[PDB]
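Heads up, start35.pdb below (PDB, C-alpha atoms):
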ATOM      1  CA  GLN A   1      28.872   5.276   3.720  1.00  0.00           C
ATOM      2  CA  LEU A   2      25.312   6.574   3.403  1.00  0.00           C
ATOM      3  CA  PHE A   3      23.594   5.647   6.681  1.00  0.00           C
ATOM      4  CA  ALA A   4      24.357   4.663  10.256  1.00  0.00           C
ATOM      5  CA  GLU A   5      21.375   3.697  12.387  1.00  0.00           C
ATOM      6  CA  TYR A   6      22.695   4.622  15.828  1.00  0.00           C
ATOM      7  CA  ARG A   7      24.087   7.957  14.614  1.00  0.00           C
ATOM      8  CA  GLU A   8      20.691   9.117  13.385  1.00  0.00           C
ATOM      9  CA  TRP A   9      17.935  11.530  14.397  1.00  0.00           C
ATOM     10  CA  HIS A  10      15.029   9.194  13.575  1.00  0.00           C
ATOM     11  CA  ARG A  11      15.525   5.727  15.007  1.00  0.00           C
ATOM     12  CA  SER A  12      13.836   2.505  13.897  1.00  0.00           C
ATOM     13  CA  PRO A  13      10.795   2.478  16.289  1.00  0.00           C
ATOM     14  CA  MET A  14       9.694   5.879  15.013  1.00  0.00           C
ATOM     15  CA  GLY A  15       9.653   4.339  11.551  1.00  0.00           C
ATOM     16  CA  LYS A  16       7.893   1.296  13.020  1.00  0.00           C
ATOM     17  CA  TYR A  17       4.964   3.412  14.173  1.00  0.00           C
ATOM     18  CA  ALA A  18       4.853   5.326  10.885  1.00  0.00           C
ATOM     19  CA  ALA A  19       4.728   2.128   8.834  1.00  0.00           C
ATOM     20  CA  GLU A  20       1.662   0.907  10.745  1.00  0.00           C
ATOM     21  CA  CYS A  21      -0.371   4.103  10.704  1.00  0.00           C
ATOM     22  CA  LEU A  22      -4.004   4.230   9.614  1.00  0.00           C
ATOM     23  CA  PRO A  23      -3.522   7.622   7.914  1.00  0.00           C
ATOM     24  CA  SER A  24      -5.796  10.303   9.307  1.00  0.00           C
ATOM     25  CA  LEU A  25      -5.623  13.458  11.419  1.00  0.00           C
ATOM     26  CA  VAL A  26      -5.143  11.267  14.489  1.00  0.00           C
ATOM     27  CA  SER A  27      -1.957   9.782  13.010  1.00  0.00           C
ATOM     28  CA  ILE A  28      -0.762  13.246  11.928  1.00  0.00           C
ATOM     29  CA  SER A  29      -1.122  14.484  15.500  1.00  0.00           C
ATOM     30  CA  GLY A  30       0.581  11.340  16.800  1.00  0.00           C
ATOM     31  CA  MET A  31       3.606  11.762  14.524  1.00  0.00           C
ATOM     32  CA  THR A  32       3.733  15.448  15.419  1.00  0.00           C
ATOM     33  CA  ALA A  33       3.748  14.536  19.105  1.00  0.00           C
ATOM     34  CA  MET A  34       6.498  11.964  18.615  1.00  0.00           C
ATOM     35  CA  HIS A  35       9.017  14.668  17.631  1.00  0.00           C
ATOM     36  CA  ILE A  36       8.944  16.133  21.172  1.00  0.00           C
ATOM     37  CA  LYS A  37      12.391  16.480  22.729  1.00  0.00           C
ATOM     38  CA  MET A  38      13.068  14.316  25.788  1.00  0.00           C
ATOM     39  CA  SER A  39      14.805  16.900  27.975  1.00  0.00           C
ATOM     40  CA  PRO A  40      14.446  18.633  31.391  1.00  0.00           C
ATOM     41  CA  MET A  41      13.164  21.965  30.067  1.00  0.00           C
ATOM     42  CA  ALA A  42      11.042  20.062  27.562  1.00  0.00           C
ATOM     43  CA  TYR A  43       9.552  18.367  30.629  1.00  0.00           C
ATOM     44  CA  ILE A  44       8.833  21.875  31.982  1.00  0.00           C
ATOM     45  CA  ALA A  45       7.060  22.781  28.732  1.00  0.00           C
ATOM     46  CA  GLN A  46       5.114  19.501  28.879  1.00  0.00           C
ATOM     47  CA  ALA A  47       4.242  20.076  32.540  1.00  0.00           C
ATOM     48  CA  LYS A  48       2.716  23.479  31.811  1.00  0.00           C
ATOM     49  CA  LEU A  49       0.138  21.941  29.471  1.00  0.00           C
TER      50      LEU A  49
ATOM     51  CA  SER L   1      -2.273  -4.402  11.724  1.00  0.00           C
ATOM     52  CA  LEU L   2      -3.104  -4.586   8.004  1.00  0.00           C
ATOM     53  CA  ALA L   3      -5.494  -2.182   6.290  1.00  0.00           C
ATOM     54  CA  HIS L   4      -7.430  -3.644   3.364  1.00  0.00           C
ATOM     55  CA  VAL L   5      -7.270  -1.770   0.052  1.00  0.00           C
ATOM     56  CA  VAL L   6     -10.362  -3.441  -1.492  1.00  0.00           C
ATOM     57  CA  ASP L   7     -13.841  -2.490  -0.344  1.00  0.00           C
ATOM     58  CA  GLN L   8     -16.906  -4.699  -0.350  1.00  0.00           C
ATOM     59  CA  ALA L   9     -18.229  -3.319  -3.671  1.00  0.00           C
ATOM     60  CA  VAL L  10     -15.317  -4.496  -5.819  1.00  0.00           C
ATOM     61  CA  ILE L  11     -15.537  -7.947  -4.188  1.00  0.00           C
ATOM     62  CA  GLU L  12     -19.242  -7.901  -5.134  1.00  0.00           C
ATOM     63  CA  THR L  13     -18.117  -7.052  -8.670  1.00  0.00           C
ATOM     64  CA  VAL L  14     -15.678  -9.985  -8.840  1.00  0.00           C
ATOM     65  CA  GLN L  15     -18.309 -12.320  -7.344  1.00  0.00           C
ATOM     66  CA  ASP L  16     -20.754 -11.177 -10.024  1.00  0.00           C
ATOM     67  CA  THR L  17     -18.133 -11.959 -12.691  1.00  0.00           C
ATOM     68  CA  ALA L  18     -17.748 -15.419 -11.152  1.00  0.00           C
ATOM     69  CA  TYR L  19     -21.483 -16.160 -11.293  1.00  0.00           C
ATOM     70  CA  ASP L  20     -21.821 -14.812 -14.828  1.00  0.00           C
ATOM     71  CA  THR L  21     -23.683 -17.152 -17.160  1.00  0.00           C
ATOM     72  CA  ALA L  22     -23.035 -14.998 -20.238  1.00  0.00           C
ATOM     73  CA  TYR L  23     -19.309 -14.555 -19.701  1.00  0.00           C
ATOM     74  CA  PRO L  24     -18.003 -13.982 -23.256  1.00  0.00           C
ATOM     75  CA  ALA L  25     -16.218 -17.150 -24.322  1.00  0.00           C
ATOM     76  CA  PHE L  26     -14.157 -15.352 -26.993  1.00  0.00           C
ATOM     77  CA  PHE L  27     -12.028 -13.962 -24.132  1.00  0.00           C
ATOM     78  CA  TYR L  28     -10.773 -17.497 -23.513  1.00  0.00           C
ATOM     79  CA  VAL L  29      -9.519 -17.689 -27.113  1.00  0.00           C
ATOM     80  CA  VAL L  30      -7.630 -14.469 -26.402  1.00  0.00           C
ATOM     81  CA  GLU L  31      -6.282 -16.016 -23.215  1.00  0.00           C
ATOM     82  CA  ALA L  32      -5.407 -19.140 -25.201  1.00  0.00           C
ATOM     83  CA  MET L  33      -3.429 -17.003 -27.613  1.00  0.00           C
ATOM     84  CA  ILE L  34      -1.827 -15.072 -24.756  1.00  0.00           C
ATOM     85  CA  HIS L  35      -0.945 -18.055 -22.480  1.00  0.00           C
ATOM     86  CA  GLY L  36       1.160 -15.928 -20.139  1.00  0.00           C
ATOM     87  CA  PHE L  37       3.787 -14.405 -22.438  1.00  0.00           C
ATOM     88  CA  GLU L  38       4.785 -10.767 -21.954  1.00  0.00           C
ATOM     89  CA  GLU L  39       5.647  -9.920 -25.567  1.00  0.00           C
ATOM     90  CA  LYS L  40       2.456 -11.380 -27.007  1.00  0.00           C
ATOM     91  CA  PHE L  41       0.368  -9.343 -24.577  1.00  0.00           C
ATOM     92  CA  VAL L  42       2.245  -6.257 -25.776  1.00  0.00           C
ATOM     93  CA  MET L  43       1.377  -7.420 -29.299  1.00  0.00           C
ATOM     94  CA  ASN L  44      -2.316  -7.973 -28.550  1.00  0.00           C
ATOM     95  CA  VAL L  45      -3.072  -5.043 -26.188  1.00  0.00           C
ATOM     96  CA  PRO L  46      -5.443  -3.163 -28.601  1.00  0.00           C
ATOM     97  CA  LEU L  47      -7.729  -6.191 -28.535  1.00  0.00           C
ATOM     98  CA  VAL L  48      -7.858  -6.723 -24.763  1.00  0.00           C
ATOM     99  CA  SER L  49      -8.586  -2.990 -24.526  1.00  0.00           C
ATOM    100  CA  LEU L  50     -11.730  -3.426 -26.627  1.00  0.00           C
TER     101      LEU L  50
END
Output the file's structure as structure tokens, nothing else.
Amino acid sequence: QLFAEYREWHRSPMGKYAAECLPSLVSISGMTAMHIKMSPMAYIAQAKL
Amino acid sequence: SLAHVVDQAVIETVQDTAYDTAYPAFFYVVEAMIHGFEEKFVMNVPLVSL
């Protein structure tokens, strides 16, 4: 009634990384770079940089 | 992948407490009166504070 794991934006492995961080600016940038969409035009935007 | 929360200084502190010769024995009497009961610790907290 409150949560369904498959019908969710943030799956379990993304929590698995975040549990085992060693909190610093490196982990902040890692978690920021994990939110990147996995898409064709997102691949274009990745391929530019 | 664990990160330790205790640094080396506080372990040095606890080690120093272990090797204390002049550890105050009156504390044991307190511990003897406490003997692991919650309510009696709540009773005797202004002594363990001092």
Worksheet item: If we count all atoms listed in the file, which residues of chain L reach to within 8 Å of chain A? Please list them as a PyMOL selection string.
Response: chain L and resi 1-3
Take the residues from that selection and put them in a file with C-alpha atoms, as a compact mmCIF listing (two decimals), in the frame of the given file.
# COMPACT_ATOMS: atom_id res chain seq x y z
CA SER L 1 -2.27 -4.40 11.72
CA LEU L 2 -3.10 -4.59 8.00
CA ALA L 3 -5.49 -2.18 6.29
_Distance cut-off 12 Å, centre (8.1, 7.0, 16.9) in file coordinates, counting all atoms listed in the file: which residues qualify? Return them as a ChimeraX atom specification._
/A:9-21,27-37
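Here CA of residue 49 in chain A stands at a distance of 19.1 Å from CA of residue 26 in chain A.
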One decimal place gives the CA of residue 34 in chain L-CA of residue 50 in chain L separation as 15.4 Å
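Our summary of the geometry notes that CA of residue 45 in chain L is positioned 24.7 Å from CA of residue 16 in chain L.
Evaluating the PyMOL selection byres ((chain L and resi 29-31) around 12) against the shown model yields residues 24, 25, 26, 27, 28, 32, 33, 34, 35, 36, 37, 40, 41, 43, 44, 45, 46, 47, 48, 49 and 50 of chain L.
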